[PDB]
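Undergrad: This structure is in structure tokens; I'll ask about it shortly.
Neighbour counts are summed over all protein chains in view; Cβ atoms, including those assigned to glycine, are modelled from backbone coordinates with ideal geometry. Values in this text are rule-based calculations from the coordinates and carry no lab data.
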Amino acid sequence: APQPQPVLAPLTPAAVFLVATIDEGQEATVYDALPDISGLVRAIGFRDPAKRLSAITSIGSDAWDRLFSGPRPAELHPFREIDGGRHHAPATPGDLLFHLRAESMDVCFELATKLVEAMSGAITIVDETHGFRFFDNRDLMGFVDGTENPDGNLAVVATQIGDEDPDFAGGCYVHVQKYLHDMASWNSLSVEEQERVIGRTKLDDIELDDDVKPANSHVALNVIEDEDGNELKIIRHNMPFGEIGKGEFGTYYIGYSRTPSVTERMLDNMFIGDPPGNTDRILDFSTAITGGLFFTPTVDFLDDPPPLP
Amino acid sequence: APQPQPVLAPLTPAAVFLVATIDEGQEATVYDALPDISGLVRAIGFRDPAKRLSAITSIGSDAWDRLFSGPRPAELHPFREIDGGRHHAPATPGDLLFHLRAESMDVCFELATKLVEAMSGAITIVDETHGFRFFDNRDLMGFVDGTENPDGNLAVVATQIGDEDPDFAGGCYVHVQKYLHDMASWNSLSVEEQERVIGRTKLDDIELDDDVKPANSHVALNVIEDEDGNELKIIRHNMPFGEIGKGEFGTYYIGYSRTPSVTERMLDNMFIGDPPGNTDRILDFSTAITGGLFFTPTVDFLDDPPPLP
Amino acid sequence: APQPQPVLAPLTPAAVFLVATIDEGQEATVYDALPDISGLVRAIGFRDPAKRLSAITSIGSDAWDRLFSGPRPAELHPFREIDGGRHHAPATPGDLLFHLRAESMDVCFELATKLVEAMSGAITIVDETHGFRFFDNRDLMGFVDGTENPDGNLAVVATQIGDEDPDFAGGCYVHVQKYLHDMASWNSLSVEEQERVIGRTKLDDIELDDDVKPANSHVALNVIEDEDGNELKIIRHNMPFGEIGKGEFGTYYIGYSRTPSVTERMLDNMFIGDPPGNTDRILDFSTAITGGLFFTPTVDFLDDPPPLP
Amino acid sequence: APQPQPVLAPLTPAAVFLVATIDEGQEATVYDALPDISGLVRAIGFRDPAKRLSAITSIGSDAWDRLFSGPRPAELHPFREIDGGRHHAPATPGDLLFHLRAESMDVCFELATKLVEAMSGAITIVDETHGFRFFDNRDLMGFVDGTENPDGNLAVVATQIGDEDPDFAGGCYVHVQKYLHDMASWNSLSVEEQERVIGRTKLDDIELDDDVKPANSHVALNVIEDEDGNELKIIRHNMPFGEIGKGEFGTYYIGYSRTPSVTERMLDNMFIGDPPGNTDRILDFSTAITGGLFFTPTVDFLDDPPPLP
Amino acid sequence: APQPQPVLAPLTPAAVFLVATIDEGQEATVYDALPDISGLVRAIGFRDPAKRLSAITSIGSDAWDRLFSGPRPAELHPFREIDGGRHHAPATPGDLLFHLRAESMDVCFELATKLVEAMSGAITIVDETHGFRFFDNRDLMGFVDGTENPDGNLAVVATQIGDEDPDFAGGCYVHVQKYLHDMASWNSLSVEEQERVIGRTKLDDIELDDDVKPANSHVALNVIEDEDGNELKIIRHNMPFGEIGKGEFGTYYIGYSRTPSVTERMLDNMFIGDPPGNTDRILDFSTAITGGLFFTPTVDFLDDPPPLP
Ligand code: HEM
Ligand code: HEM
Ligand code: HEM
Ligand code: HEM
Ligand code: HEM
């Protein structure tokens, strides 16, 4: 009966990520537009319903204490800035996240055009990326991106909250991280060195052998084993973006998870690293620019918001 | 375990609606063809299975008392002709409704060709429309049509009968209404006047503001609030048709619902109107030509029909 | 919670069937690659995820007694060679079956390239067919092939094992039969004679009338009635193959079922035939070349194999 | 025998416009990359040849006097900045124009990535727009854009230079103009007022009646009659761009023509206006930001450049 | 007025190559079927005309002296077997070549089925390959294949014979070479070594720098400069094939050219090699299995064959 937000969707060829911070004293203006979002999605994306326009509304901690009364999600907190040994993962202020995805750029652009002008003057858009998609789902590093997202049962228990928090049954936690990795050192790097970086191959994306794969690789550090033996997986819709006029080539990481402890332990395996391997090899090239922790509610939660405190 | 008929399907670019009345004393001839319909669908539509040929067999009240013994659907009755103040909603006799939908016209045409000639001589086809589909799901009025159909849970409880009638768990009620609205007055009418008619915009189909939207608009009158606060929604596959040789430009309305009280209250909000607003603004231009109330059974019900009385 | 293998998938325009026998003393080499198969599928098919690359790993009886300890599937046995009156259904040795299916030939070819070279030297590929797909899902006989596969509930209870064997809840049994039917006698045969062979029409694939359809037709002999009145259905992904350089025109039959008693009774209705009709009319033209009985496990069963005996 | 650059191509769903100015003393570095451009196009766009990756190299006046010796195109000059009565058409310095167009964003992005890093350090990219494409070829104004481009003979004599300049037989002249029109006043404007602005309708893009169409409309001012009676047409690939984080909604105008006198007379009919109508109605909303006049050579001219002076 | 055979066609996702030798005394039987080929192409490929079924009939030297009277093509000769220093290029007997290409495998298979059974008993099919196509036009080596085929004027003068032989104005010469390159040594070879082999990159197929590219690379040896300065190009539709049951992974090379001196000088640059570089680096891995020189006539030449001698 709790219908979740469309996070369990395939990767789309175009995507728009919008991190907008809410201005002071403009609570009820966003409280108007928050039930209107699914109406705008069904209004716009029904023009070409075979484009699969799907918005993912997400709300941070500050926007939760401002906008909503009653309960609170249990692990919803501001994104812990990870000041590691060499690489730092910053956290810019962002109240709400609009994650838009469809088959083409225009319908995402029009949904975002109608989104901020349903709450005109209430928000300033802090982060504006138009994430496109490479040839066979690659990123700018050249490796195929996101091939280990689960499906079915191993995905709905990976993302959707059950009754471990029954007031928010259904719903995820989001970690956006806008990277801006350089290509000057990455392109001069050779391919087998880059496969030591990633942990899988580049052309065919075969995972490497367990003894051949180094301990500080990305696919080596991001896999998380529990003590019972089950592995915890997240679903990430990482879409590359970039502007050649500034020479920017970045991959907008965005990870959906049942609890932010899993994503934060992955980020601890990357930035803080393992106690053997204290650095992740992709962070030698990728520097995070933005960061934020958010919460997806159900679409019923946007349909029936709790009253404004 | 009751598999419903494929009503929960997206809008297809071509559609064929058949309202055929059963001749006198030809009961067992249709009783032969009624289990054969899903076999014909799987037979024809498997040629190009990425055309999604899907028939929706529907049965009226007279064909229920003739064809089937045992129980009866609780609210199945002949379509109440709504003789309002100015606009009248007539009800031509039609026993069964064949609703066909697929990606192209030809496979719907061939399924309909095999449908009446599986029961040859038993029926006369009263109403023959070949509903095509406009650019971005528009109708002949120019507005995008059917953008507020629900999905998922809010659709299956909107259409499929639970155990409030347990002998027909799964199954809908159909209201066909073949409109023949004129374009001479509609085209000379200006756009903003037409947005007062509809209640949403024309180009981008944004719903208007609640104070800006007039009370006699279509989207204003057709949304139904209950006393608990939930809204009752129906699913409609309205497909435009037309013949320019007669100058006909019509939209074949067809609405699927869990109970005909909801659709009939929508028709009462349109023709009879609200006690404040006694006329719906689209009925100034749209005159209904046909009308009928039908019942979708399950496909198991066509597989296992009750014995012929 | 048991996730089955992707057998409930639509027919794809290209398919690769691999019947590879395991060499002596190479048990642990295949035991390495058997958890790696879903990883290779998610690795390769994520390049163009709208190609739907889906492998179906299947294991015969000999490979079960060699590879796996613990329990055994209840009806898993070597494929009983049917030496009928005139037509014989042979059974070549084959340990495991790799059934690959996607929208194009190349990604199936690359998955098969990575499959045998994940277990290099451990297997010899006995049977190598590249099954393509005709115009509207036809076969080389000219008839539309596989139009009576069930969907939904009538398919999951047709294929997936419940708790009648609770140690293998979810999982099917496979009957491959590589036919090599001649076209010289079939093409000189007239159309209506061929519709007596099949039991359905050729151009539009309408099923024939029950009195018009002969008793020795294919669609007449292969439908199985039980004593309670329900019919037992299987799901078959029959893909045509062929080599004109040898003049070969064959249809690689492959049938998935909940229990091999159903498929074996269909084969008894074909080769042994009915006690009235002892021959199936398509076996006058189709001679089986290969044969094998296999078992699909769950993908969890490949993820968590029982320990190697 | 002179093969022109691919200007006679249909409008593509994604486009990248690059206006890069050449740094001082970096002439031979661009002289290396200028024959390499068609090689890079055939190298990258052959991956998915059904994406139609097509670059249009264009060279301004300064880059012509720097890069090329020998002759000069007859009307090639710096873009005359039109300081009208109210609206001004500026001209930023830009040496060369890279016009990229294909079915998707990624292959244009990769061609542009390889374009500046074939001449690394020689150029600074002044203008960086990623032009996407709306629903039915619309722009951000909502009107269908570019429906009056000619085809066939009326297009090749509209764009390609014959032997009126025989040293550059084949080749066009380009007028880029990056507009940044506001949507706050345009959206509050009503639709029939906007049809007075454009001169055609908005939903169906029917051209208005000749008496109904005002004299200061866009389609009224931009059609140019000669004294013999023929009309001079240009081909424009106007692609919308925009950034909602700055609130930018612009249409990157780019017009290809046989001679810049035609495009400049169109710009004089817009900014300077007619002596009756001195303002074009779309310039009330559209303010030009950039501007430049360039020259397309043949691809043979890039294959065989004249020697560097 | 001479319409050439459809050699100037894009690379198709499926292809069938058929090298059939004509039996002794079966001249008039092939002389019947040779005008019937374009009729069979228009007959079969018009079913789905958006599959682009296109046959390329080719005739060797022996079939020319047997089948046709009158003139002879000037350079038509049996394929000179190149017995180099280490690699040998053999030449199996093959009279005619049937090159079939379309969007899918089935219509090529059906055209080939109707081709040999229009001349039943007159031919034996010596070579039977079903060439499929990799992800982004790659081959089994992993490199993108055929990205330097010309287009337009530089292609029609590269392939079609003018009036240097006016009796066969229009028409090409074909060099088929079925390679069977091993993957065991190629896969263990590293990427940059393979880019020394090819001469271009692997992932993005950028051509290497002229000083970085070695002299014995494939792209280094196969480009042919003339003494006037123009380069002679051929058009090749190289399609990969293979059978994993034998472990075969081959690329069916097929090259169309205006004169076989160009293709033979390319083969001399490969097998015999340059006098500096006597071996081509891809021939370390690729061993030719078959070989043949053929002649494409015009389709008018098949429509109006010269009388049988
Ligand atoms: C710096 C930007 C990043 C890039 C370019 C990147 C790219 C990739 C690539 C290419 C892979 C291998 C293919 C696949 O399995 O997805 C991968 C794996 C993965 N990435 Fe990332 N990634 C980035 C950051 C992150 C972050 C910040 C997280 C989570 C905190 C993350 C989570 C994962 C996980 C969980 C896997 C799969 C590990 C396994 O297969 O179980 N990535 N990433
Ligand atoms: C006269 C022919 C009709 C036309 C041309 C028409 C067209 C439209 C259009 C353009 C909309 C707005 C877009 C959308 O929300 O669907 C709409 C809304 C709707 N129509 Fe109709 N309609 C017609 C008759 C009917 C009838 C007879 C019914 C039911 C008895 C009906 C039920 C609805 C409902 C329920 C809505 C949506 C209200 C809301 O959004 O909740 N319509 N129709
Ligand atoms: C000799 C090669 C075979 C060919 C060419 C072939 C082809 C066909 C065709 C054309 C049909 C009718 C269309 C459709 O309903 O699928 C059909 C029906 C069927 N075939 Fe086959 N078939 C072959 C062998 C088999 C085998 C070996 C089995 C199972 C043991 C089998 C099981 C069935 C079943 C169950 C049906 C449907 C009967 C009904 O509709 O309920 N077939 N086959
Ligand atoms: C300010 C940005 C501009 C926008 C949004 C715009 C948009 C449009 C639209 C919507 C049309 C009508 C549909 C069609 O015929 O193309 C049109 C027509 C046209 N535009 Fe533009 N345009 C712009 C600027 C320009 C400029 C700067 C030129 C050339 C100097 C130009 C040349 C034309 C021409 C020649 C026509 C067609 C007139 C006729 O049909 O013969 N436009 N434009
Ligand atoms: C052994 C099997 C062969 C393979 C796998 C192969 C593959 C390739 C590849 C990957 C390229 C680079 C991409 C492209 O430019 O096409 C290439 C280039 C080329 N190949 Fe082949 N090739 C083979 C044999 C041949 C033969 C036998 C000929 C002609 C006699 C030939 C003629 C060419 C030419 C002319 C080029 C382009 C050189 C230039 O760019 O101007 N190839 N081949």
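Undergrad: Put a label point 7 Å from Cα along the Cβ direction on E:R265, then list its distances to the equivalent points in the other copies in nm, shortest first.
TA: Label-point distances to the other copies, shortest first: 5.1, 6.8, 7.4, 8.7 nm.
Undergrad: With contacts defined as alpha carbon pairs under 8 Å and 6 or more residues apart, what's the relative contact order of chain B in percent?
TA: Relative contact order comes out at 29 percent.
Undergrad: Right, next: Which residue, C:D210, C:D62, C:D228, has the most motion in a Gaussian network model of chain C that connects Cα atoms within less than 10 Å?
TA: The residue that fluctuates most here is C:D228.
Undergrad: Another question, then. If I take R0 = 35 Å and measure r between the Cβ atoms of B:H88 and A:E24 in this structure, what FRET efficiency does the formula 1/(1 + (r/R0)^6) give, to the nearest 0.05?
TA: So the FRET efficiency works out to roughly 0.05.
Undergrad: Any idea how far apart E:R265 and B:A215 come out in nm if each label point goes 7 Å out from Cα toward Cβ?
TA: Distance between label points: 9.0 nm.
Undergrad: Mind checking C:104-116 for the average number of partner chain beta-carbons within 10 Å of each residue's beta-carbon?
TA: Across the residues of C:104-116, the mean count of other-chain Cβ atoms within 10 Å is 5.
Undergrad: Compare the peptides C:6-12, B:42-48 by average per-residue count of other Cβ atoms within 10 angstrom and give them in order, highest first. Please list the in-between numbers first.
TA: On the way: C:6-12: 17.6, B:42-48: 20.9.
So the order, starting with the most tightly packed, is B:42-48, C:6-12.
Undergrad: To the nearest 0.05, how large is the calculated FRET efficiency for D:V223 and B:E243 if R₀ is 35 Å and r is the Cβ-Cβ distance?
TA: The computed FRET efficiency comes out at 0.45.
Undergrad: Exposure proxy check: D:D182, E:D145 ranked by fewest other beta carbons within 10 Å?
TA: Details: D:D182 14, E:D145 24.
Ranked by crowding around the Cβ, least crowded first: D:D182, E:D145.
Undergrad: Here's something else I'd like to know. For A:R72 paired with A:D32, estimate the spin-label separation in nm (one decimal), with each label point 7 Å from Cα along the Cα-to-Cβ line.
TA: So the two model labels end up 2.9 nm from each other.
Undergrad: Averaged across the residues of C:143-151, what count of C-beta atoms belonging to other chains lies within 10 Å of each residue's C-beta? Please list the in-between numbers first.
TA: Numbers: counts 0, 4, 1, 2, 9, 4, 2, 1, 3.
So the per-residue partner count for this stretch is 3.
Undergrad: Which chain A residue puts its Cβ closest to the axis that rotates A onto C, and at what distance in whole Å?
TA: Closest to the rotation axis on chain A: A:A50, 7.
Undergrad: Further, regarding this structure: Under 11 Å from the 7 Å Cα→Cβ point of D:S120, by amide nitrogen: which residues of the range A:169-206?
TA: A:183-189
Undergrad: What ranking of B:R236, E:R86 emerges when the number of other C-beta atoms within 10 Å of each C-beta is taken as an exposure proxy, fewest first?
TA: E:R86, B:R236
Undergrad: Moving on. Classify the range C:31-116: rounded, prolate or oblate, from the alpha-carbon gyration tensor (a ≥ b ≥ c, eigenvalue square roots; a/c under 1.5 rounded; otherwise prolate if a/b is larger than b/c)?
TA: Judged from the Cα gyration tensor, the range C:31-116 comes out oblate (a/c at least 1.5, b/c at or above a/b).
Undergrad: Which loop GluC sites (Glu not before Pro) in the range A:149-214, with loop taken from DSSP, have no more than 10 other Cβ atoms within 10 angstrom of their Cβ?
TA: Answer in residue order: A:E164.
Undergrad: Right, next: Shape of the range C:193-279 from its Cα gyration tensor (a ≥ b ≥ c, root eigenvalues): rounded if a/c is under 1.5, otherwise prolate when a/b > b/c, or oblate?
TA: Since a/c reaches 1.5 but b/c is at least a/b, the shape of the range C:193-279 is classed as oblate.
Undergrad: Using C-alpha positions alone, give me the convex hull volume of the protein assembly as shown per residue in cubic angstrom.
TA: It is 211 Å³ per residue.
Undergrad: Based on Cα positions only, what radius of gyration and what Dmax would you give for the range B:190-233, in angstroms?
TA: For the range B:190-233, the Cα radius of gyration and maximum Cα-Cα distance read 11.6, 39 Å.
Undergrad: Take the Cα gyration tensor of the range B:1-150, multiply each eigenvalue by 5, square-root it, and list the three semi-axes largest first, rounded to whole angstrom.
TA: 25, 23, 15
Undergrad: If you count, for every residue in E:127-140, the Cβ atoms of partner chains within 10 Å of its Cβ, what is the mean?
TA: Counting Cβ atoms of other protein chains within 10 Å of each residue's Cβ and averaging gives 5.
Undergrad: Now for a separate question. From the alpha carbon gyration tensor of chain A, can you work out the equivalent ellipsoid semi-axes (sqrt of 5 times each eigenvalue) and give them in Å, largest to smallest?
TA: Calculated on Cα positions only, the semi-axes equal 32, 22, 19 Å.
Undergrad: Can you list the copy-to-copy distances for D:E248, using a point 7 angstrom from Cα toward Cβ, in nanometres, shortest first?
TA: D:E248 label point versus its equivalents elsewhere: 1.1, 5.3, 5.7, 6.1 nm.
Undergrad: Taking the number of other C-beta atoms within 10 Å as the exposure measure, put A:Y179, B:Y253 in order starting with the fewest.
TA: By the 10 Å Cβ count, ascending: B:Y253, A:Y179.
Undergrad: Then there is this: Could you work out the per residue convex hull volume over the alpha carbons of the range B:151-309, in cubic angstrom?
TA: On the way: hull volume 27.3 nm³, N = 159.
Enclosed volume per residue, from the Cα hull, is 172 Å³.
Undergrad: Given an 8 Å cut-off on Cα distances and at least 6 residues of separation, report the relative contact order of the range E:1-96 as a percent.
TA: 35 percent
Undergrad: Turning to a different aspect of this structure: Under the definition of Cα pairs under 8 Å and six or more residues apart, what whole-number percent is the relative contact order of the range D:222-309?
TA: 17 percent
Undergrad: Sticking with this one: Averaged over all directions, how much area does the convex hull of the C-alpha atoms of the range D:95-154 cover when projected, in nm²?
TA: That works out to 6.3 nm².
Undergrad: Which order do the peptides E:156-162, B:279-285 take when ranked by the mean count of other beta-carbon atoms within 10 Å per residue, highest first?
TA: Answer by packing, highest mean first, reads B:279-285, E:156-162.
Undergrad: Follow-up. Cross-link list D:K233/E:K51; D:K51/D:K114; E:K178/E:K246; A:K51/B:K233: which exceed 26 angstrom alpha carbon to alpha carbon?
TA: Beyond 26 Å: D:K233/E:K51.
Undergrad: Also: Quick one: check the C-alpha center-to-center distance for the range A:105-180 versus the range E:13-76, whole angstrom.
TA: 56 Å
Undergrad: Give the nm distances, rounded to one decimal, from A:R72 to the matching residue in every other copy, measuring between label points 7 Å along Cα toward the beta carbon; shortest first.
TA: For A:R72, the inter-copy label distances come out at 6.1, 6.1, 7.2, 9.5 nm.
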